Every structure is written in C-alpha cells, then in structure tokens.
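Peer 1: Structure in structure tokens, see below.
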Protein chains: 2
Amino acid sequence: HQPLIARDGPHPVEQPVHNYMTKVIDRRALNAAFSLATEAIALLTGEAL
Amino acid sequence: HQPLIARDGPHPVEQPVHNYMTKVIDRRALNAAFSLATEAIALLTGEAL
C-alpha cells in the first residue's frame with residue numbers, strides 16, 4: 001500500500017494506489033555418491049564369511 | 001520604529017522615523033481523492049447483502 005502527498009492544482013488529483021504481487025517457488029537439488037565395492041557386499045551379506 | 005543617534009555639525013539633523021507595512025494574506029488549497037468502486041457501493045448500502 002502506497003501513501004499520498006496532497007498537492008494543489010492543476011496537478012491532477014492522485015488516488016491511493018495499491019499493489020498485489022505474487023511469486024512462484026523455484027526448485028533445486030543436491031547430490032552425493034556413496035559407492036561400495038564388490039567384496040564389501042559379500043562381507044555385509046555374510047556370504048564370504 | 002527606527003532609532004536616532006544624534007550627530008554634530010556639519011552633519012544634517014536627522015529625525016525619528018516610523019515604518020508601517022501591512023501584508024496581504026496569500027491563499028491556497030490541497031486535494032486528495034478517495035474514489036470508491038461499484039460493487040463496493042452495493043455492499044455498504046446493504047443491498048447485495
């Protein structure tokens with residue numbers, strides 16, 4: 001909401017303005033890589049025990 | 001009212017002085033606009049209620 005300052009003619013009379021605005025969300029991500037190795041699966045599976 | 005300082009000859013002899021001005025008022029105005037809208041009139045009026 002914007003204000004006024006009343007002036008005198010012939011400055012045409014001004015009326016209180018208003019502003020209605022909206023915004024749209026924007027989207028991103030992040031990434032990290034955990035990779036294992038073959039035998040380490042056998043040890044955790046228990047197969048190579 | 002303006003004052004005197006009494007001098008000597010051969011300087012001429014000055015007299016008391018008095019000054020009267022009267023200023024005229026200067027006039028102006030200001031302006032602001034309230035404007036409404038139609039469907040807003042019907043509400044407050046009680047009509048569309």
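Chains: A, B, ... in order of the structure tokens. Residues: from 1 per chain. Ligands: from 1, in order shown.
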Please identify all polymer residues within 6 Å of region 17-33 of chain B, counting only C-alpha atoms, omitting same-chain residues fewer than 3 positions from it, and present them as a VMD selection string.

Peer 2: (chain A and resid 6 to 8 13 15) or (chain B and resid 1 to 2)

Peer 1: For a quick check: superposing chain A on chain B using all C-alpha atoms in order, what RMSD comes out?

Peer 2: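 Across all paired C-alpha atoms, the RMSD is 0.7 Å.
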
Peer 1: Go through B:3, B:16, B:46, B:34 and flag the residue nearest chain A, using only C-alpha atoms for the distances.

Peer 2: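 Ranked by minimum distance to chain A, first place goes to B:34.
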
Peer 1: Let's see if you can do this: from backbone DSSP, list all alpha helix (DSSP H) residues in chain A, as a ChimeraX atom specification.

Peer 2: /A:38-45
